[PDB]
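Let me begin by presenting the structure, written as structure tokens, before commenting on it.
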Amino acid sequence: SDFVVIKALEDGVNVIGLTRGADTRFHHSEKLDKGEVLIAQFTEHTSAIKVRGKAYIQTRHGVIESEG
Amino acid sequence: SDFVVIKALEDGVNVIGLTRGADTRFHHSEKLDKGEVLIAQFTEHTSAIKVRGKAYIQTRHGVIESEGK
Amino acid sequence: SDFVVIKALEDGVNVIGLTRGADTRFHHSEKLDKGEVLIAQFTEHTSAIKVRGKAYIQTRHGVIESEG
Amino acid sequence: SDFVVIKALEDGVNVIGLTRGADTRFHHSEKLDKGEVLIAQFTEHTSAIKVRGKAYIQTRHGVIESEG
Amino acid sequence: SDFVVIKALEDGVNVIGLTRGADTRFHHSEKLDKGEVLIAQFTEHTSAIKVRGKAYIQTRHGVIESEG
Amino acid sequence: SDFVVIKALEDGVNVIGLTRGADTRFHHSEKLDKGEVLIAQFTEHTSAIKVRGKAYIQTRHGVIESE
Amino acid sequence: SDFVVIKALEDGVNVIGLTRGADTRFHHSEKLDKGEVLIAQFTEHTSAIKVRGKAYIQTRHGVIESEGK
Amino acid sequence: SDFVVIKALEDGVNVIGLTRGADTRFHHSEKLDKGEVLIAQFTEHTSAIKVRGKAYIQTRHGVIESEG
Amino acid sequence: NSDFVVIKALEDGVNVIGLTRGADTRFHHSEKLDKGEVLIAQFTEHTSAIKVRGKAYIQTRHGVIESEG
Amino acid sequence: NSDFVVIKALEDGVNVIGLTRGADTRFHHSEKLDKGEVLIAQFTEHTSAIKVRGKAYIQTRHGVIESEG
Amino acid sequence: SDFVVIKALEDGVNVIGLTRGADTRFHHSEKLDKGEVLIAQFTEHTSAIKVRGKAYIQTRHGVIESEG
């Protein structure tokens, strides 16, 4: 099952898990300080992940960068 | 299951999930502001995804770019 | 399960689902205006997809372009 | 399942599905006008596909061109 | 399931399905005229295919040409 | 399931299927004349394939030629 | 199932497992001192992993580095 | 299941199937005359294959030759 | 059919520590390696994370990495 | 569907030995190859390790290796 | 299921199978003399393998050498 890597490029990056299912809203927000890395899967409860704030992101389709 | 990466290139971008099944309609519109990235799967409930607004998009088939009205 | 990426290159492009099953008829026509992108799977309900109008198309077999 | 991409290079191209099963006959003929693109799977009902008319075709095996 | 692509390079090319099972015989022969393409799967009923007549053939193993 | 492509390079080529199972014998021989191509899977009934006569063969492991 | 490799580049690096399921919380924090290596899977109990502290990280998407505190 | 290609480079080559199971013995020898090709799978009944005589052999791990 | 890691000890007394799979996380075994020995160790029903202490050359599917003592 | 090894005897009296799968490990069969004969042998429900003695050219999915008598 | 290739570079190389399960101990040691090769799988009974002595080793992750 797929995962994304998120490296925070500043304090307070917000990695937001959206609920899997007929309804969509966020069910968890994990904040990262600058330099921290989160490696997070798609799961039974999370089917979309949003990143807010400056982050360096890797997925199976390559590198992408969120800007705050 | 496959996923698409969408990075908003201006405020107010909408990533719209279309319902899976005989019926086709919008069930959710996720609004993205400039700089934010959404990584969204295809799912039991979403079998097509539409992107309105300027965005940089990656899928397994490569990069594509949506342009806004 | 695979999908196809369609970027509309002018207004009023139609992405048409054809029904899976013994019967083949339309079922849904999604209208894309210029610059909009639709990323659409093959599904229990859709086993063929037609594009009408000018669009840039990506599949697992490469790029192809429809013309209006 | 595998799918084929067909781009009509002239009007009245026919993409014809042959029935899966002991019997082989045409169950459906999809007419493409010049410039239209059909992306069509193999399915429970369709185990062979025939293209009549000038078209550009992609399959997992690469490009091939049908001629009028 | 695998498929073979056949482009007829002359009229009257025959793509012949051989029966799956203890018995081997021809259950169908599809006639292609010049420039027609047939994309044909292996199936529950067809476990070998024979091409007779001049054609350009693609499979997973690459290109081969039959001659009349 | 995998397949073999055989192109006959002369008349009279035989593509012979061998029975799956505890016992091994020929259950079918398909004759190919010059230029005809057969594409043949391994199956419930055929676990080995013999080619006799001159033909160009392709498999997943590349090209080989019978004489 | 996928795994990540983490090599601590200073003392006191934490490798933190987040719970799988509807509830998300830390359920374990593995402390690495400098030069130690942990190779950790995703599991029935861990669906996300956070690294805090200076570390060299390998995943199937390649090399990433966490930067300390 | 994997398969092996054996092309006999002299008459009398033997392709020998060894029994699957706790017992190991030869259950069949297929004799190949010069220039014959045999394409043979691993099966419920055959878990090792021995070749005797001069032959050009292909497997998933590349070319090897046997010599008489 | 799980993944495995290759650990070659570059000095005596390297420890390859298996961590328990499941809701709880603890060391269930430390295999001690002397210099020049190679351990090839899978992830398993009982081991979902592996810690290496001491100097070792390591290979996994994501490449080479080295632990330091 | 299992993996297999190709063994080409480079001298007479080469032995390809099958070791039993399961809690008990012993030799259950030894196949004698004379010079230039080839054996293509799978791992099986009965054979979970294969030992080659004598001079032979071996191909696995990991590449070529050679045994020396 | 994965396997390791071990080529003894001196006499008395010991290939040691460790028990799968909650407990860890060795359940078999297979000694190799110089120039013998052992191709050993991971199994229902062996989930870790230790090599002692000078040996050339291939795994899916490449070559490694043990030093005795």
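Labels A, B, C, D, E, F, G, H, I, J and K are assigned to the chains in the order they are written; within every chain, residues are numbered from 1.
Note that contacts are C-beta pairs under 8 Å (C-beta built on N, C-alpha and C of every residue); 3 or more make two chains touch, one makes a residue touch a chain.
Interface residue usage between subunit D and subunit E, two copies of one sequence, is largely distinct: under half of the residue numbers at the contact are used by both copies.
One finds 15 Å separating the Cα centroids of subunit D and subunit E. As a whole-number value, the distance joining the C-alpha centres of subunit F and subunit G reads 54 Å. In this assembly, the C-alpha centroid of subunit D lies 29 Å from the C-alpha centroid of subunit F. Subunit I has residues 60-61 in contact with two or more other chains. The ring sequence of chains is given as B, C, D, E, F, H, J, K, I, G, A, with subunit B as the starting point and subunit C next.
Within the complex formed with subunit A, the subunit B residues making contact are 1, 3, 5, 7, 17, 27-28, 30, 32, 34-41, 43-46, 56, 58-60. Subunit H contributes residues 1-2, 4, 18, 20-22, 24, 42, 47-52, 57, 59-62, 64-68 to its touches with subunit J in the complex.
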